[PDB]
Each structure stands twice: as structure tokens, then as C-alpha cells.
């Protein structure tokens, strides 16, 4: 089975800062990787699929990249609406596992 190692688990940041979230697969997943956003109290929403393709209505400040086992989500100059949790998931062999998540929290 292929597992996803996501880092960092927690990230404190401020509006306007740029952050990078990474996911490392335990085997080659051939760009079949999605990123989800999950706001507090809400269901997950698909943000990126096929490693780099933005989903419906997703702003250009989000960028997915990577290949093989190594993938990253960059949020350029993050906005008030970007705080929440982020998860990667692969869709190569089943099981289609999630990374452990990143909680993106505002510095207070």
C-alpha cells in the first residue's frame, strides 16, 4: 500500500505570507494526486487534481507541483479565506490514502 507523508502538520502564518505544504508518497503515484481544503466546521473541497490542475473557482495563488513520489502545494500571499486544513490524497493503487493534513492557522 502507498502511504502519504505530509508536512508540516501545523503551520502558523499571517495574511500576505507565502507557504508551502508537501506530500511524499511511499511509492510512485504518477501525478494522480489531489489537494483538498477543509475549513473549520465544513466538508472538504477539492482544490487541485492531477498534481497541478486547479479545480473549479480556485484562485491563481494556489499552485500544485511535483512528480514521482514528491508533491507540493504552494499558496502565494495567503488570504483571510485560506486558513483551515489541507490534505493531499493519491489515486494510484488502492488504498487511495490521505496525507496526515496541515492545519494552517493565523498567527495571533
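Positions refer to the first chain, counted from 1.
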Original post:
Mean C-alpha B factor from the entry: is it higher for 86-94 or for 8-16?
Top reply: 8-16
Original post:
Per the coordinate record, which of the options 50, 72, 40, 37 holds the highest CA temperature factor?
Top reply: 40
**OP:** Going by the recorded CA B-factors, say which third of the chain residue 55 sits in, lowest, middle or highest.
**Re:** middle
**OP:** Among all modelled residues of this chain, ranked by Cα B factor, put residue 44 in the bottom, middle or top third, i.e. lowest, middle or highest.
**Re:** lowest
**OP:** Pull the Cα B-factor of residue 26 out of the PDB entry and bin it into the chain's lowest, middle or highest third.
**Re:** middle
